[PDB]
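Listed below are the residues making up each chain.
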Number of protein chains: 4
Amino acid sequence: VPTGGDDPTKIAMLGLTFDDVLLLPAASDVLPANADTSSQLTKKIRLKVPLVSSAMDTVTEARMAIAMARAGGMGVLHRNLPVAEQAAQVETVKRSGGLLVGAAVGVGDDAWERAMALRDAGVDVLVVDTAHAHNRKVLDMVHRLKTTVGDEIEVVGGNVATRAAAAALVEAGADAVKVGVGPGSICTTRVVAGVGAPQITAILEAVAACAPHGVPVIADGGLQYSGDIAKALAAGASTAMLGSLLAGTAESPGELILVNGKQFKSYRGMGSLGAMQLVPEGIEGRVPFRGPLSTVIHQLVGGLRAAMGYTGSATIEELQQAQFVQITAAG
Amino acid sequence: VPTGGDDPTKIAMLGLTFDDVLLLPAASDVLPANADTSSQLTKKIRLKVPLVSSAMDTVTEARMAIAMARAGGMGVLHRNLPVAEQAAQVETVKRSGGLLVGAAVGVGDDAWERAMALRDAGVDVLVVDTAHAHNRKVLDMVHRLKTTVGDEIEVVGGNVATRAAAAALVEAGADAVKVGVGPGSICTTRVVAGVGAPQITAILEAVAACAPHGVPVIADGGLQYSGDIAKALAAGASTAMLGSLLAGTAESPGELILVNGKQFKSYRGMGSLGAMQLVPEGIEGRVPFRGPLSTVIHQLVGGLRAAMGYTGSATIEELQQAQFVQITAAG
Amino acid sequence: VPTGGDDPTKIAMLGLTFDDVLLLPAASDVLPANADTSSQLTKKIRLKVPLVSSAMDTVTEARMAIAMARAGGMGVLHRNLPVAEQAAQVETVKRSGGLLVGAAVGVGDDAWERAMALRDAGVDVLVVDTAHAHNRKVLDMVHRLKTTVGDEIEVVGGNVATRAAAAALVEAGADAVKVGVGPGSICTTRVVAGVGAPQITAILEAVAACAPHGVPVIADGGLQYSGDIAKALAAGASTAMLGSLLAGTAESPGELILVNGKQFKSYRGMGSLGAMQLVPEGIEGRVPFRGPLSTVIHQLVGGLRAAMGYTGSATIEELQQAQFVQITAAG
Amino acid sequence: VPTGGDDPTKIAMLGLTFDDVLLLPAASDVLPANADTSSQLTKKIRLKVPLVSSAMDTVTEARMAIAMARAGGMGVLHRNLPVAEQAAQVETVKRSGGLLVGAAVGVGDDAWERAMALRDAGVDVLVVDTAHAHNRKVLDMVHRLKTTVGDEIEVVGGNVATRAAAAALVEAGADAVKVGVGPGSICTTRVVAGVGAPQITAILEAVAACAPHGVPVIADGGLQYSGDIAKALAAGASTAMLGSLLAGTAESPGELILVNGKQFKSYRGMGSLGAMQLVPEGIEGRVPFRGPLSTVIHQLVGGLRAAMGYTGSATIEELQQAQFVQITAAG
Ligand SMILES: O=C(CC1CCCCC1)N1CCN(S(=O)(=O)c2cccc3cnccc23)CC1
Ligand SMILES: O=C(CC1CCCCC1)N1CCN(S(=O)(=O)c2cccc3cnccc23)CC1
Ligand SMILES: O=C(CC1CCCCC1)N1CCN(S(=O)(=O)c2cccc3cnccc23)CC1
Ligand SMILES: O=C(CC1CCCCC1)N1CCN(S(=O)(=O)c2cccc3cnccc23)CC1
Ligand SMILES: O=c1[nH]cnc2c1ncn2[C@@H]1O[C@H](COP(=O)(O)O)[C@@H](O)[C@H]1O
Ligand SMILES: O=c1[nH]cnc2c1ncn2[C@@H]1O[C@H](COP(=O)(O)O)[C@@H](O)[C@H]1O
Ligand SMILES: O=c1[nH]cnc2c1ncn2[C@@H]1O[C@H](COP(=O)(O)O)[C@@H](O)[C@H]1O
Ligand SMILES: O=c1[nH]cnc2c1ncn2[C@@H]1O[C@H](COP(=O)(O)O)[C@@H](O)[C@H]1O
């Protein structure tokens, strides 16, 4: 074995991230403006824009979830707050129209209580929200929810980085599988635990387990440019979840920060010290202020539409069949 | 599949760019000074120097096209201006001798009108000028032009990044195929759309579709050093189109810019905000002032001649048969 | 042969270091807090925490060895000092409880005398401490020690970077094999001698020779983050030896250094000029002051526990069966 | 073909440079101090230290050639000066003992005259000194010299980067083949001409053509550290030629230069503008002042000896049979 030892499976794969690949152009009759950007968030819920905001306390509360839904995506309300408060934000979103809204729960003891409270508040999607879904407690959580409230509510499970983990969530009854163990911009899991999986390879693997069962994959974390959205979907994902790309917007929680005459907002991991207030697996940082959400979403979607133009993808379903070229460091 | 999923074609290729390879020396009786640098721009038109200036409003207007033609290459007049103006520049070039000149057209409604006007002005080459030629509207444009004015005018089509796209343009009747989707120094297509193809691999693929039909390939974008010109031609291209390398010259449009006591000129993408005055796919930048075109061209050609010396290529046709060594990051 | 010459064995392997790989998540019922971090330092000695401090004069004297043992690891007393002094430090450690302690010896003439003196002082582990164990003098040293004092004392041999070297130490009677030729943070062997072996590949190879004989492998050098500890153990190592990660602690030898208002301590190679007071193979540097050892060890172990959680490893023995994904430069 | 086109030979090889590889340790009974560093410079001439100084006007004139010979290596007198002057330097070296000395000639018209003049002055080695030896004029030069003065003088030919070029020089009668097209620290051939070959791969290939005929290979250019010397010899080279590593010494031509309170000397390519006083293929730069040659040579040789210790090479001939591990960017 060229890299050492006698076991060829020790190093199971070569993991590619977004910067490792480019989308290849293909024959096209598709104009960017006419492309259809709608896509399955879950088995039942289709979004007009395949974008979801992260369940983070510096990204999504009621104001973001409302702006996302109006932009044609959805927001996932974070769970770093009292159950009553989170449910009140759900109500607030519903009060503002017939707007889609999701909300994160854990798998702890009050997790079940929290989910029932969100159900009562009218939530559309429950996201069982962990760093590692391949675990009997998370799988049991997903399943219990699905059997109890599954007719009225769609249940998302995550996160996973492998085929077998995605397969287990499908089996457990997930309406969507969320992919991303370690790729987040504010993530330190890779240096703290030494654990991770580059996101393009992780998506390809999850989609191999999920697509045969008609279960959409949400690509979560590591997206830096609108181009990475196209890449993630082309790898087979149905939507993308964004943290950093949306944390700089007016609608995100938090105040402006002035540093050297430039405008920023705080953006922090939910495994950061501050968020947990111990071995943190996220940092607390800043992102540039980017203005209104509507305008950020317009830009990102514009980039996607261009990609659909280049690749001849009339729909997201077609983009999922596009091909990549692997590039080198020099590229 | 080592990089994920079960489909070996998902990641179709490993894309190499200019920095990925070096030309290997070979047995040589060729002195740089005696090497023959002439090459086909199109099926009928041979240039003394295998270089063409980009169709950009910070690179080529009449003064550049005249200087290029006199240097033994050619200029392609940009189309970001009224038809009457562009045609007047064509006339201006023709007024200055029996000088070759090309001009860009689009595929829009006024595209056809523009081309007829250029024809009337005496243009030698029409370049159908898009970011993605593999499209029925571009292919139909190339063909219509070829059937209508093809006996007096050579028609170039572009840009493509794949074998099938190049094949389609040949079929459509192109007299030359221009290669380059995303490699430009001022390009942001790769981060905005996630789309692209490293240029050495793109040239190899285009040449595989074009050379059997006797159609020359123009390598367009990403050339940073005179060495990249030799590399591009060795990959099988017949000419190279230059933007950044020529934008700093006296003959390019625009005034000098003084920054920190150094001289620059603006150089901007035709998909930049400023050029389009929306989702831009180019930036607006600066390049160092490099002085007279004649001297820049002398240097670039000098580098090519040295390459032809090292590789024993008496002619460009021979250089196209040279071999590469792939290098690593460390090199 | 694609990289040159006709001999496929000239370039024997592709060497991976810690940054080349990530641990893949796997099915897990393991909570970080409940994971069992105990591991074999040698055939007979099991540690509560799989960590050993380096035998360096800026890392381990009596105060460090005591703090390490109390934290559940062990310290290896450096040998850059008179025999009487080193033995007095051994006694000092033993005076402070029933604390495990190891001590380095060379293979010179006074080496044997030194080892007997340490034995008399009550040492638990003798580490035969060289940069290259695959040598008749080192092998004979290990063996002589083992046959003479082997019933009361465990004998460690090192360092090696290949399978055959590890095999020779096992044969010689080593109770543990220490791996690391050139990976140290303060090492210059790779630029001075051009010699080395990336540590993940080196561990895989050593473990292939050592594990079938029940001999534990100590991963020595190159560990920068708590994640590298998990990686090293997953590659098959049983413990890790730390220099740089511990040199900044209160318990290490040396005073604080203030530089630009920040706190540091000196950390230097035992092959550095200063340490030898000639062709040095280490540098003299600084590391940031990190406070009490107990707290540094808590953090590192916390990172390991998280890894064991992600990978479903209940014990270190299970973690040694985990799988990696190879990543690219972009990751 | 994964990198493009249909021709698998288009990209002939994967080229490795010194930083791509490390020497693997092996079983050893060799102490650095007792290792035998002697090696063939040519078929007849053996050196005590396998090092030769470059034929450059900022590296070797009489004072350097004398210091090199005394250190047990040799210097090659540059040819950027009148024949009478170069021959007078040869005499000067001979006047200072029974000291080996070499001298560069070209292949021009006065080349032959120059060589006869050096012969008369008592030169021991003529180095036919080009950037590309695979050329009938260079091959004829080597051969003519060999047939005319070959019994008293050893003739070196260079430079080559391929197996076929090395084979042609052997056939032509070369007593040694010098390898290095483009790797020099002051070289711009790779960006100007796009031509080159990474040096480890180039050595492996040259040695494949030269060693079966008993012809020594001189590794010329790209050596940055004493470790690269060991690497070059392990790849099969018999000596190494150094420019940058020696240009900072007291014995090199040129005065001290003070810049920001630090000491430097000028070091410039013989294809630089200044050296030629046009398309330059070298730059004019600075290197740090390093003091006496004797001390620099001691250090470099010290590094080699350490390598011979690690690899168990008693002699240079044994070191040439050592093995490499390929490393990644991360290493
Ligand atoms: O409880 C733990 C530690 C255990 C988790 C699973 C078993 C192993 C240890 N954590 C809590 C949550 N996360 S996180 O906030 O950083 C996180 C949030 C969502 C998506 C993640 C994707 N990859 C990394 C971290 C992520 C950190 C770790
Ligand atoms: O109309 C569009 C968007 C669509 C284009 C094709 C289908 C997908 C979207 N554009 C207009 C022109 N270009 S460009 O000016 O930047 C451009 C000019 C020439 C060569 C290019 C080579 N690669 C990239 C850009 C290039 C940007 C995009
Ligand atoms: O005596 C020598 C030189 C010879 C050693 C073996 C044969 C070849 C030359 N040295 C003495 C000790 N070391 S070291 O202190 O730097 C060292 C200490 C422990 C672990 C090492 C791991 N890799 C590198 C250096 C290491 C340097 C070299
Ligand atoms: O005459 C020429 C140009 C031709 C040379 C061969 C055919 C192709 C063009 N040159 C003259 C000498 N060299 S050089 O001084 O830079 C040079 C000196 C020795 C070793 C070299 C190794 N690789 C690169 C350059 C080297 C530059 C080029
Ligand atoms: O603290 C953390 N450590 C690691 N991952 C996190 C943390 N907090 C949130 N995440 C995940 O990172 C995603 C956003 O990543 P980003 O868009 O690259 O900034 C989120 O949706 C989470 O899945
Ligand atoms: O705005 C843009 N975005 C992407 N590519 C562009 C743009 N404008 C021009 N190009 C292409 O980039 C080529 C020049 O690239 P350059 O020589 O690397 O600077 C041009 O000839 C175009 O094909
Ligand atoms: O001077 C030196 N040169 C090379 N390796 C050294 C030297 N001194 C100590 N080492 C080794 O480097 C290890 C620590 O490496 P680190 O934890 O990366 O700082 C030590 O345990 C030694 O094996
Ligand atoms: O101007 C130049 N351009 C390219 N190579 C040169 C030039 N001048 C000398 N060389 C070669 O570079 C070698 C030294 O390289 P260095 O030791 O890396 O600095 C010399 O011995 C020459 O073979």
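Residues numbered from 1 in each chain as written, not as in the entry; some residues may be left out. Chains lettered and ligands numbered in written order. Heavy atoms only, no water. Residues with missing side-chain atoms left out of burial classes, pairs and counts.

Deposited coordinates in this entry are attributed by the record to X-ray crystallography, at a stated resolution of 2.020 Å.

Within the PDB entry, the label attached to chain A reads Inosine-5'-monophosphate dehydrogenase,Inosine-5'-monophosphate dehydrogenase, and the organism entered is Mycobacterium thermoresistibile. The header of this PDB entry states its title as "M. thermoresistible GuaB2 delta-CBS in complex with inhibitor Compound 22 (VCC061422)". One UniProt comment on chain A, placed under Catalytic activity (unreviewed entry), says "IMP + NAD(+) + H2O = XMP + NADH + H(+)". In UniProt, chain A has this text filed under Pathway (unreviewed entry): "Purine metabolism; XMP biosynthesis via de novo pathway; XMP from IMP: step 1/1." (UniProt positions renumbered as here; feature names shortened; annotations may be inferred.)

S.K.: Describe the overall build of chain A, naming the residues involved and giving the relevant values.
M.R.: When its secondary structure is counted, chain A shows twelve helices and 16 strands. A compact globule built from 331 residues should have a C-alpha radius of gyration of about 20 Å, and chain A, at 19 Å, falls within 12% of that. Its C-alpha atoms give chain A principal-axis dimensions of roughly 55 × 45 × 45 Å. (Helix = DSSP H or I, 4+ residues; strand = E, 2+ residues; numbered from the N terminus. Rg over C-alpha atoms; globule rule 2.2 N^0.38 Å.)

S.K.: Describe in detail the relation of the copies chain D and chain B, supporting the description with residues and values.
M.R.: When chain D is fitted to chain B, the residual RMSD is 0.0 Å, and the transformation amounts to a turn of 90 degrees plus an axial shift of 0.0 Å. The transformation just described matches what one would write down for a four-fold rotation axis. Identified as the residue of chain D closest to the rotation axis by C-alpha distance is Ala329 of chain D, at 4.6 Å. Of the interface residues in chain D, just 8% have counterparts in chain B that sit at the interface too, so the contact is made through distinct surfaces. (Least-squares fit on C-alpha atoms. Contact = heavy atoms within 4.5 Å.)

S.K.: Explain the packing of helix 1 (residues 62-71) of chain B against helix 2 (residues 83-94) of chain B residue by residue, including any values.
M.R.: All names here are of chain B. Running from N to C, helix 1 and helix 2 point in directions that differ by 35 degrees, and their axes come no closer than 9 Å. In the crossing of helix 1 with helix 2, the sense of the turn from one axis to the other is right-handed. Contact with helix 1, carried on its side by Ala62, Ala65 and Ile66, involves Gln89, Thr92 and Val93 of helix 2 and no other residues of that element. The class makeup of the residues in the contact of helix 1 with helix 2 is four nonpolar, two polar and no charged. (Axes fitted to C-alpha atoms, helices over the stretch in contact; angles between N-to-C directions. Left-handed = near helix turned anticlockwise from the far one by under 90°. Nonpolar A, V, L, I, M, F, W, Y, C, P; charged D, E, K, R; others polar.)

S.K.: Describe the relation of the copies chain C and chain A, with residues and values.
M.R.: Of the two same-sequence chains, chain C is brought onto chain A (RMSD 0.0 Å, axial shift 0.0 Å) by a rotation of 90 degrees. The two copies present different faces, since only 7% of the interface residues in chain C are matched by interface residues at the equivalent positions in chain A.

S.K.: Account for the sheet that holds strand 14 (residues 262-268) of chain D, naming residues and giving values.
M.R.: Residues and elements named next belong to chain D. Read from one edge to the other, the open sheet built from three strands follows the order 13-14-15, with strand pairing classed as antiparallel. Of all the strands in the sheet, the pair left with one neighbour each is strand 13 (257-259) and strand 15 (284-288). On average, each strand axis in the sheet is tilted by 50 degrees relative to the strand beside it, whichever way the strands run. In terms of strand pairing, strand 13 meets strand 14 through three bridges, oriented antiparallel. Pairing of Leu258 across the sheet is with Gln263, part of strand 14. (Pairing = 2+ DSSP bridges.)

S.K.: Go over the site of ligand 6 with me, naming the residues and quoting the values.
M.R.: Taken together, 20 residues lie near ligand 6, and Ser185, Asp220, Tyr267, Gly271 and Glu281 of chain B sit nearest. Of the residues assigned to the shell around ligand 6, the class counts are six nonpolar, twelve polar and two charged. (Near = heavy atom within 4 Å.)

S.K.: Give me the lowdown on the site of ligand 3, citing residues and values where you can.
M.R.: Taken together, 14 residues surround ligand 3, and among them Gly180, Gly182, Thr189 and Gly271 of chain C together with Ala306 of chain D come closest. Near ligand 3, residues from chains C and D are present, making the site a shared one. One of the backbone N or O atoms of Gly182 of chain C is found 3.0 Å from a nitrogen atom in ligand 3. Protein burial of ligand 3: of its 590 Å² of free accessible surface, 69% is covered by the chains. For the shell around ligand 3, the leading source of residues is helix 11 (residues 293-311) of chain D, giving three residues. Grouping the constituent residues of the shell around ligand 3 by class yields six nonpolar, seven polar and one charged. (Polar contact = N/O pair within 3.5 Å; in protein donor to acceptor, adjacent residues only side chain to side chain. Areas by Shrake-Rupley, 256 points an atom, 1.4 Å probe, with all protein chains shown as cover.)

S.K.: Describe the pattern of salt bridges, with residues and values.
M.R.: Enumeration according to the criterion identifies 36 salt bridges over all chains in this entry. Note that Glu317 of chain A is salt-bridged to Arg46 of chain A, the shortest N-O span being 3.1 Å. For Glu317 of chain A, a relative accessible area of 34% puts it in the partly exposed group. Salt bridges here are not isolated pairs; linked through shared partners, they connect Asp6 of chain A together with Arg163 and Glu205 of chain C. (Salt bridge = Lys/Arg side-chain N within 4 Å of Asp/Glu carboxyl O. Buried < 20%, exposed > 50% of the residue type's maximum accessible area, 1.4 Å probe, protein only.)

S.K.: Would you mind going over the interface of chain C and chain A in detail, with residue names and values included?
M.R.: Tallying the contact residues gives 43 residues for chain C and 37 residues for chain A. Those elements that place two or more of their residues in the side of chain C that touches chain A are strand 1 (11-15), strand 2 (21-23), helix 7 (199-210), helix 8 (226-234), helix 11 (293-311) and strand 16 (324-327) of chain C. Class assignment for the residues of the side of chain C that touches chain A results in 23 nonpolar, 16 polar and four charged. Bridge count for strand 1 (residues 11-15) of chain A against strand 16 of chain C is four bridges, and the pairing is parallel. Each residue of the ladder has a partner; that of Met13 of chain A, found in strand 16 of chain C, is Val325 of chain C.

S.K.: An account of the environment of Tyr267 of chain C is needed here, citing residue identities and associated values.
M.R.: All names here are of chain C. Examined against the element boundaries, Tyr267 turns out to sit in strand 14 (residues 262-268). Look at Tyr267 and you get buried, because its relative accessible area is 5%. Sequence spacing of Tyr267 and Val123 is 144 residues, and the spatial spacing of their C-alpha atoms is 25 Å. Among the polar contacts made by the side chain of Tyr267, one reaches the main-chain amide nitrogen of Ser244 at a distance of 3.3 Å.

S.K.: Give a description of the interface of chain D and chain B that names residues and reports values.
M.R.: At the junction of the two partners, chain D supplies 37 residues and chain B supplies 43 residues. Of all elements in the fold, only strand 1 (11-15) and helix 6 (189-192) of chain D reach the threshold of two or more residues within the side of chain D that touches chain B. Among the elements that line the side of chain D that touches chain B, the one with the most residues is strand 1 of chain D, at five residues.

S.K.: Mind laying out the arrangement of the chains, listing which residues take part and the relevant values?
M.R.: At no point do chain B and chain C touch; the closest pair of C-alpha atoms across them sits 9 Å apart. Chain A makes no contact with chain D; the smallest distance between any of their C-alpha atoms is 9 Å.

S.K.: Account for the sheet that holds strand 10 (residues 176-179) of chain C, with residues named and values stated.
M.R.: All names here are of chain C. Pairing is parallel in the closed barrel, where eight strands are placed in the order 5-6-7-8-9-10-11-12. Direction aside, the axes of adjacent strands within the sheet are offset by 25 degrees on average. Here strand 10 runs beside strand 11 (residues 217-220); their pairing, made up of three bridges, is parallel. In the sheet register, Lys178 faces strand 11, and the bridge partner there is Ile218. Contacting strand 9 (154-160) and strand 10, helix 5 (residues 163-172) runs over the sheet at an angle of about 160 degrees to strand 9.

S.K.: Before we move on, can you summarise the pairing of strand 12 (residues 239-242) of chain A with the specific residues and values?
M.R.: All names here are of chain A. Both faces of strand 12 are covered, namely the face carrying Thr239 and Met241 and the face carrying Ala240 and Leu242. With three bridges joining them, strand 5 (residues 51-53) and strand 12 adopt parallel strand pairing. In the strand pairing of strand 12, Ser53 is matched with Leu242.

S.K.: Describe the packing of helix 4 (residues 136-149) of chain A against helix 5 (residues 163-172) of chain A, and please don't skip the residues or the numbers.
M.R.: Residue and element names in this part refer to chain A. Between helix 4 and helix 5, whose axes approach to 8 Å, the crossing angle comes to 30 degrees. With respect to each other, helix 4 and helix 5 are oriented roughly parallel. Crossing angle aside, the handedness with which helix 4 passes helix 5 is right-handed. Every residue of helix 5 that contacts helix 4 at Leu139, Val142 and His143 is listed here: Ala168, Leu169 and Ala172. (Parallel < 35°, antiparallel > 145°, perpendicular 65-115°, else oblique.)

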